[PDB]
Amino acid sequence: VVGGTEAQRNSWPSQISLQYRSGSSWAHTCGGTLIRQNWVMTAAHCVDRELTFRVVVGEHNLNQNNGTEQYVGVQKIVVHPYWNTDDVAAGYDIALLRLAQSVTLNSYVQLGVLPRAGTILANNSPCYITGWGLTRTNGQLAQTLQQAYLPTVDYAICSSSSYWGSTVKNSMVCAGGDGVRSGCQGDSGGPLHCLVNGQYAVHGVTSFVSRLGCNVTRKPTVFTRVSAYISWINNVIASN
Ligand SMILES: *B(O)[C@@H](NC(=O)[C@H](C)NC(=O)OCc1ccccc1)[C@@H](C)CC
Ligand SMILES: [Ca+2]
């Protein structure tokens, strides 16, 4: 997150950290959202490489013990059948991870709420991005969970020539674009939480930014539109 502010510890209890076994250590690579006790939602591109992954829930500081973490192995990865690595702008940036164990829910560990299928947010809807990715372009990871106020930009505006043009599809959500705040490398997979009917719901799964840099004016962060997948999400879990 470029332009963010440290989150309060208790604030976004469905946020996970997706990591891979790096040497003797475990390196953070993405965000996710905990959608069942034993399922996490993330971007397929997080899982292009065949690594060893684990999920951390109740996470706040990457580098210290918070007293709240649970660390689960990733037993099974289901990427959208149509996802194509060479073509992020085709969409389908979404994957589900079935966890080796069910995590225990508490004050720090809750399920994230998904939107009803088909829901589309009005322009300039009040959303937040969270995650531990780069705090500048070509910067470095946040140690603590960062949140940025990231108001949506509707399709019509987003696909206009002076924003993304054609590269954005109606299966995506755009948010921010102000040149100050954004997601960055290390935020992919993560939530875009928006306030619908006084619940935060997870509408976005961070996908991509500009090749030019993370916080580029009139290139908002682009997220997989969750409400476009609901029936796919439910079919996976019902079937695995
Ligand atoms: B998440 O790990 C990461 N996302 C990506 O690297 C995606 C897959 N690609 C990307 O941002 O490519 C740049 C591009 C290419 C083609 C059209 C438009 C943009 C981070 C960067 C997301 C916060
Ligand atoms: Ca910690």
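Each ligand, and each atom within it, is numbered from 1 in the order the structure gives. Position 1 is the first residue of the sequence; numbering continues from there. Atoms considered below: every heavy atom in the structure, side chains included; atoms not considered: hydrogens, waters and symmetry mates.
Taking the centre of each ring, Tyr71 and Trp26 stay at or above the 6.0 Å mark. Annotation: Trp164 is in aromatic contact with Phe208 [ring centroid separation under 6.0 Å]. The aromatic ring centres of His60 and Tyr108 sit 6.0 Å or more apart.
Ring geometry for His193 against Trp12 counts as parallel: the plane angle stays under 30°, on a 0 to 90° scale with 60° as the upper cut.
Using a 4.0 Å heavy-atom cutoff, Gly133 is absent from the residues neighbouring ligand 1.
Listed by number with element, the atoms of ligand 1 under 4.0 Å from a non-hydrogen atom of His45 are 1 (B), 2 (O), 3 (C), 4 (N), 5 (C), 8 (C).
Within the 4.0 Å heavy-atom criterion, the part of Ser207 lying near ligand 1 is the backbone and not the side chain. Of all the heavy atoms of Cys214, none lies under 4.0 Å from any atom of ligand 1, so neither backbone nor side chain is involved.
Ranking the protein heavy atoms by distance from atom 23 (C) of ligand 1 puts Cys184 O, 3.3 Å first. The protein non-hydrogen atom at the shortest distance from atom 13 (C) of ligand 1 is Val209 O, 3.5 Å.
When distances to the Ca ion (ligand 2) are checked against a cut-off of 3.0 Å, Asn61 contributes an N, O or S atom below that limit.
The O atom of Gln64 and the OD1 atom of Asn66 subtend an angle of 110° at the Ca ion (ligand 2), given to the nearest 10 degrees.
Below 3.5 Å of separation, one finds an N or O of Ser188 facing an N or O of ligand 1. For ligand 1, the polar-atom distance check finds no N/O of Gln185 at less than 3.5 Å from any of the ligand's N/O atoms.
Put simply, the side chain of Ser210 gets close to the backbone of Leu212: a donor and an acceptor are under 3.5 Å apart.
Nearest residue to atom 11 (O) of ligand 1 from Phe208, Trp164, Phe223 is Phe208 (criterion: closest heavy atom).
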